[PDB]
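This is what each chain is made of:
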Amino acid sequence: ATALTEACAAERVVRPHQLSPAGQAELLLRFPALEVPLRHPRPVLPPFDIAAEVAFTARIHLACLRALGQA
Amino acid sequence: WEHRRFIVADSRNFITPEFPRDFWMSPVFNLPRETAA
């Protein structure tokens, strides 16, 4: 929680996906727990978000609506 | 006792509703994968 803010505060970037790959690879060397939310194609949750759970229940709600109206 | 009229529930009892022509072109039966909701 200290590094993920200061690495974005030094670059004036609001979201850590927009960080430069020179800066992104520096966090991977110190902190190897950040592999999955940084180097994954299609995560089932939106990474580095706060309503990421709250998005998830809202996506199943949509998928169950279109399951009705098409059928 | 009790007396009443009586209509038999046979499986040939159907019902014919009428749809408007622009009914199925409604913005709820046609949803995208990602809405604003």
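Residues numbered from 1 in each chain as written, not as in the entry; some residues may be left out. Chains lettered and ligands numbered in written order. Part of a larger assembly, values for the part shown. Heavy atoms only, no water.

- Determination of this PDB entry was carried out by cryo-EM to a resolution of 4.2 Å, according to the record.

- This entry appears in the Protein Data Bank under the title "CryoEM structure of herpes simplex virus 1 capsid with associated tegument protein complexes".

- The PDB entry lists chain A under the name Capsid vertex component 1, with Human herpesvirus 1 as the source organism.

### Looking at the overall build of chain B
Then step 1. Each helix and strand counted, chain B has zero helices and zero strands in total.
Then step 2. For chain B, the spread of C-alpha atoms along the three principal axes comes to 60 × 25 × 15 Å.
Then step 3. Per-residue burial for chain B yields a buried fraction of 0% across its 37 residues.
Then step 4. Split by element, the accessible area of chain B, about 4700 Å² in all, is 58% carbon and sulfur.
Then step 5. Of the charged side chains in chain B, 5 are positive and 5 negative, and the gap between their average positions amounts to 6 Å. (Helix = DSSP H or I, 4+ residues; strand = E, 2+ residues; numbered from the N terminus. Buried < 20%, exposed > 50% of the residue type's maximum accessible area, 1.4 Å probe, protein only. Areas by Shrake-Rupley, 256 points an atom, 1.4 Å probe, with all protein chains shown as cover. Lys, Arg positive; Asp, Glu negative; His and termini not counted. Charge placed at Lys NZ, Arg CZ, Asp CG, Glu CD.)

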